[PDB]
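In: so I pulled this structure from the PDB, and the sequence comes with it:
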Amino acid sequence: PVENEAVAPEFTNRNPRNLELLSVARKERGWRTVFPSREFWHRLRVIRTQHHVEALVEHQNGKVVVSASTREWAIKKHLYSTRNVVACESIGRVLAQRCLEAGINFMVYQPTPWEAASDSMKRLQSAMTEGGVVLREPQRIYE
Amino acid sequence: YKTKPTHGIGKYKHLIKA
Amino acid sequence: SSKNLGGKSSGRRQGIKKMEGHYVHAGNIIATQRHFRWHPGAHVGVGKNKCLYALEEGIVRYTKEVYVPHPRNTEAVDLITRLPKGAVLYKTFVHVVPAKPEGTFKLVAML
Amino acid sequence: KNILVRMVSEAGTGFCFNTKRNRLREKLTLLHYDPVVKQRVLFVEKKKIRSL
Amino acid sequence: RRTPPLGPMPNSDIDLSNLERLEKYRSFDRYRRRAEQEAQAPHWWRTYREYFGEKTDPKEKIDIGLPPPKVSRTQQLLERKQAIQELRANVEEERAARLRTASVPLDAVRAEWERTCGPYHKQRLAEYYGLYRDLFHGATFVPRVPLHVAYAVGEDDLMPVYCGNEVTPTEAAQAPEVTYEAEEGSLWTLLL
Amino acid sequence: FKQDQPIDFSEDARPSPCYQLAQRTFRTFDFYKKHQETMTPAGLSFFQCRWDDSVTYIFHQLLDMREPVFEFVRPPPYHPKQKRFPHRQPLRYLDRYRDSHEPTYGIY
RNA sequence: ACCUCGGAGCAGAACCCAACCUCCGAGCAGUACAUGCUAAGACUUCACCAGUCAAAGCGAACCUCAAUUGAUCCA
RNA sequence: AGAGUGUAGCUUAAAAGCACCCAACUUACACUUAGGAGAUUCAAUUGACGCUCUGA
Ligand SMILES: [Mg+2]
Ligand SMILES: [Mg+2]
Ligand SMILES: [Mg+2]
Ligand SMILES: [Mg+2]
């Protein structure tokens, strides 16, 4: 017999980013009556302030995996006025780049109608889609 | 519940006068 | 002389059927009632008659979280905007903590 | 006030349903699902058998 | 049968009188922010961050990384202020901002991010995947010196690995090319 | 990692072939505990790996063994205890506890 | 005076409980017919006859109100 | 002459969060969208340039 054939009938995985990569992870359904309901794996958290524009990507637990804000010197020195549309466009582009460099390429964007009707959010979504990451996560296998 | 210490937490009409 | 009529009503048998601690499977109705008394939280769906049913197998928990109304419901919108700076609601939410996993890895063949 | 009529399909004869309609209006020409075709065809109002 | 509350009520710090003088919530975003900020405060009753398993977040770990270099923050702040003031004097940037057409280079911002808060994002992404939980068993560090590794497969492109990339085994059959800045007088030990 | 003084170890060395899975049982915790006051971590980079067609050739001409297979199985669905008189139940209630969907015959 | 059903207090915080105890009502409606077909799990007006919610799949673009009603035979 | 002091109008913040105004809708208020101006007073925990109080 070969001593390297120690496989065992049961095999476990110690990676949290595993169940959602095979479309077998359960989504925390329910809520319904509130908006941002927890039926997803990754969200696109956007915070617009009169001074800076910050965008984050959080998981269903409550921790951020990647964020993009104008407070960082890497973005603040390449543009002017962290309030116009080009600032949020560059923030969306650098966030798409960082998420492509991090492997994540599926997130759910659930904004408000008054913000979705604006132009900054539309251009941010366009820059996110043109980067290589499409929004709207697919369904779950055996939900 | 009425007897639990968390009684009267969902009250909201007392903070408005309209 | 017997002016009132129609007061011969019956009970709707509405109430909580599964308290905190019972092992509730997937599909069991938590509680049927009128008006949103216990708002759904995690793994708790709703229907047409404002009923509560579980979605996964586990232990049903009853906590109190914040209440964030939907922007499309204008009634709740004005009810929230009529609140002073620093007023919360905090209603009772129903949550179902899952215990059994949704699958695992098992060896089949060996080629 | 209202009236109940039956809608006959153009493609795949044999499948008909019932739907409400106003009494002072004209006929109906809606889009209803047809199981024998598994698509969407036209339905025409024909033969009323109810006067509610 | 009435029991006293085991803590301060969430709607007790305000007074029920003179409500017409207090400023009401003029919008819904303020209420949403207030709710999401109050939901993070540790309460004394049953909350969501208790039953669904949080792996005990209030727990200080141990840092086993290199300390940050001593850099004067006031000098850096005044230099950044002078830089943004000299950049604001341009009129072409103003025209580009007014015409809604202003692009920024990607390589420059990538290099500046890797030089600045790069290690912080790398550490938070490593702790998100649970690397420090399985490797050092809770102990975490911060990669100060940047690291660059690129595989060699075809003949023109490359297969880089960053902070959570995806490399196929058919594109990682040979030893990659590890490149990192180092001085003459220090040894390193690579582990995979 | 980053070590201060030049220190050499021999109890963690591997042979030139090193194609045995029993000897590659490496543990980073014990390796860092044995060398704590010498090496210091300073770099980290991780990626994701999936299955492809090269795994077969690897297990063939690199480990001298067979390729193990797996399958994401799921637990069986829950069903209550089958009573004697299922009051208000559809006709498909007997098929929920039925083993095989074939007409079985006993003494006949 | 009434013949069916729902709501408010009696019945106060899981549930049920009657009176020829005091009041509002209902035999319907403002707009699209995927108001398509199957299929785990429950409540059930204190029995039965009845009524209601829903996992998932094939199929499709990406439902509001409180009672609001009619069984066997036959045509 | 003595004392209290020291981040723009605010900070049991360390260059951020609250504030202000203008352009679009509104009889009007208001949400929202599109924009703008804002600060660690000086030399290395120290001493002095600004305000207030107690006086003459
Ligand atoms: Mg009654
Ligand atoms: Mg009765
Ligand atoms: Mg019953
Ligand atoms: Mg469905």
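Out: Thanks, I have the structure now. Numbering: from 1, shown residues only, chains lettered A, B, ... in the order given. Ligands and ions are numbered 1, 2, ... in the order given.
In: make it CA atoms for all contacts and neighbour counts henceforth
Out: Noted.
In: just the buried positions in stretch C:69-85, please.
Out: C:69, C:70, C:71, C:77, C:80, C:81, C:82, C:83, C:84, C:85 (16 or more other C-alpha atoms under 10 Å in any protein chain shown).
In: any chance of these in a markdown table, with distance to residue C:9 and secondary structure too?
Out: A markdown table is the format used below for the buried residues of stretch C:69-85 (distance: C-alpha to C-alpha, whole Å; DSSP: H, G, I helix; E, B strand; the rest coil):
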| residue | distance to residue C:9 | secondary structure |
| --- | --- | --- |
| C:69 | 35 | coil |
| C:70 | 36 | coil |
| C:71 | 38 | coil |
| C:77 | 36 | helix |
| C:80 | 37 | helix |
| C:81 | 40 | helix |
| C:82 | 38 | coil |
| C:83 | 39 | coil |
| C:84 | 42 | strand |
| C:85 | 45 | coil |
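In: near chain B too, which of the residues you listed?
Out: C:82, C:83, C:84 (C-alpha under 8 Å from any C-alpha of the partner chain).
In: quick check: the first one touching residue B:15?
Out: No: taking C-alpha atoms under 8 Å as the contact criterion, residue C:82 and residue B:15 are not neighbours in contact, 9.1 Å apart.
In: out of the buried residues of stretch C:69-85, which comes closest to residue A:87?
Out: The closest of the buried residues of stretch C:69-85 to residue A:87 turns out to be residue C:71 (C-alpha to C-alpha; 27.3 Å).
In: return the residues in contact with the closest one.
Out: Counting by C-alpha atoms under 8 Å, 6 or more residues apart in numbering or on different chains, residue C:71 touches A:112, C:77.
In: quick one, phi/psi of it?
Out: phi -70, psi -20 (degrees, to the nearest 10).
In: and it, how close does it get to residue A:121?
Out: Distance from residue C:71 to residue A:121, counting by C-alpha to C-alpha, to the nearest Å: 18 Å.
In: can you give me the buried ones in the helix or strand encompassing residue E:75?
Out: Using DSSP states H and E, the element containing residue E:75 is helix E:73-88. For helix E:73-88, burial by neighbour count (16+ other C-alpha under 10 Å) applies to residue E:84.
In: just the CA trace of that helix, in CSV.
Out: The C-alpha trace of helix E:73-88 is given here as CSV (Å, rounded to 0.1, in the frame of the first residue of the first chain):
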residue,chain,number,x,y,z
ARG,E,73,3.3,64.3,10.5
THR,E,74,3.2,68.1,10.6
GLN,E,75,5.9,68.4,7.9
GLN,E,76,4.1,65.9,5.6
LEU,E,77,0.8,67.8,6.2
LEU,E,78,2.3,71.1,5.3
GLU,E,79,4.0,69.6,2.2
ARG,E,80,0.7,68.1,1.1
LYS,E,81,-1.0,71.5,1.6
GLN,E,82,1.6,73.3,-0.5
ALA,E,83,1.3,70.6,-3.2
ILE,E,84,-2.5,70.9,-3.4
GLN,E,85,-2.2,74.7,-3.3
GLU,E,86,0.2,74.6,-6.3
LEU,E,87,-2.0,72.2,-8.1
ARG,E,88,-5.2,74.2,-7.5
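In: so how far is the very next helix or strand once past it off the chain centroid?
Out: Toward the C-terminus, helix E:73-88 is succeeded by helix E:92-98 as the next helix or strand (DSSP H and E). Distance, stretch centre to chain centre, for helix E:92-98: 30 Å (C-alpha atoms, centre = their mean, to the nearest Å).
In: helix E:92-98: which residues count as buried?
Out: Quick answer for helix E:92-98 (16+ other C-alpha under 10 Å): E:93, E:94, E:97.
In: which residues touch that helix?
Out: Counting by C-alpha under 8 Å, 6+ apart, A:79, A:80, A:84, A:86, E:88, E:102 sit against helix E:92-98.
In: OK, contacts around residue E:116?
Out: residue A:74.
In: give me the number of residues near the residue lying closest to residue A:23 once chain neighbours are set aside?
Out: Residue nearest to residue A:23 in three dimensions, not counting chain neighbours: residue A:140, with 5.3 Å by C-alpha to C-alpha, 6 or more residues apart in numbering or on different chains. Residue A:140 has 14 neighbouring residues, counting by other C-alpha atoms under 10 Å in any protein chain shown.
In: surely residue A:140 touches residue A:24?
Out: Yes: between residue A:140 and residue A:24 there is a contact at 6.3 Å, judged by C-alpha under 8 Å.
In: picking that back up, and the contacts of helix E:92-98, which are buried?
Out: Buried among the contacts of helix E:92-98 (16+ other C-alpha under 10 Å): A:79, A:80, A:86, E:102.
In: contact residues of chain F facing chain A?
Out: So chain F meets chain A at F:20, F:21, F:22, F:63, F:65, F:66, F:68 (C-alpha under 8 Å from any C-alpha).
In: which residues pair with the last one across the strands?
Out: Read it as residue F:68. Beta-bridge partners for residue F:68, by DSSP bridges, are residue C:110.
In: doesn't residue A:7 make contact with it?
Out: Yes: with contact defined as C-alpha under 8 Å, residue F:68 reaches residue A:7; the gap is 7.2 Å.
In: which one of the two has more residues nearby?
Out: residue F:68 (17 against 12).
In: how about the contacts made by the more buried one?
Out: So residue F:68 contacts A:7, C:107, C:109, C:110, C:111 (C-alpha under 8 Å, 6+ apart).
In: let me see the contact set for the residue of chain F found nearest RNA strand G.
Out: Closest contact between chain F and RNA strand G, by C-alpha to the nearest atom of the strand, is at residue F:79 (4.3 Å). Shown in contact with residue F:79 (C-alpha under 8 Å, 6+ apart): residue F:96.
In: mind doing that once more with 10 Å?
Out: Applying C-alpha atoms under 10 Å, 6 or more residues apart in numbering or on different chains, one finds that residue F:79 lies in contact with C:25, F:96, F:97.
In: same question for residue F:81.
Out: residue F:97.
In: A helix includes residue C:107, no?
Out: No: applying DSSP: H, G, I helix; E, B strand; the rest coil, one finds residue C:107 to be strand, outside a helix.
In: how many neighbouring residues does it have?
Out: Counted with other C-alpha under 10 Å, residue C:107 comes out at 16.
In: that one contacts residue A:12, correct?
Out: No: the criterion here is C-alpha atoms under 10 Å, and residue C:107 misses it with residue A:12 at 11.2 Å.
In: as TSV, the contacts of residue F:79 with neighbour count and distance to residue C:89 would be great.
Out: Below are the contacts of residue F:79 laid out as TSV (neighbours: other C-alpha atoms under 10 Å in any protein chain shown; distance: C-alpha to C-alpha, whole Å):
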residue	neighbour count	distance to residue C:89
C:25	19	31
F:96	9	46
F:97	12	48
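In: related to what we said a few turns ago, so which other helices or strands are in contact with the helix holding residue E:75?
Out: Helices and strands touching helix E:73-88, by 3 or more C-alpha pairs under 10 Å, 6 or more residues apart in numbering or on different chains; DSSP states H and E, are helix A:73-76.
In: if we can go back for a sec, list phi and psi for the residue nearest to residue A:23.
Out: phi -110, psi 130.
In: all the strands of chain F, in order from the start?
Out: F:2-3, F:39-40, F:46-48, F:68-73 (DSSP state E).
In: ok, chain E next?
Out: E:148-151, E:159-161, E:163-166, E:177-179, E:187-188.
In: JSON lines for these, including distance to residue E:59 and mean neighbour count?
Out: Formatted as JSON lines, the strands of chain E follow (distance: least, C-alpha to C-alpha, whole Å; neighbours: other C-alpha atoms under 10 Å in any protein chain shown):
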{"stretch": "strand E:148-151", "distance to residue E:59": "32", "mean neighbour count": "16"}
{"stretch": "strand E:159-161", "distance to residue E:59": "31", "mean neighbour count": "18"}
{"stretch": "strand E:163-166", "distance to residue E:59": "25", "mean neighbour count": "20"}
{"stretch": "strand E:177-179", "distance to residue E:59": "35", "mean neighbour count": "11"}
{"stretch": "strand E:187-188", "distance to residue E:59": "32", "mean neighbour count": "15"}
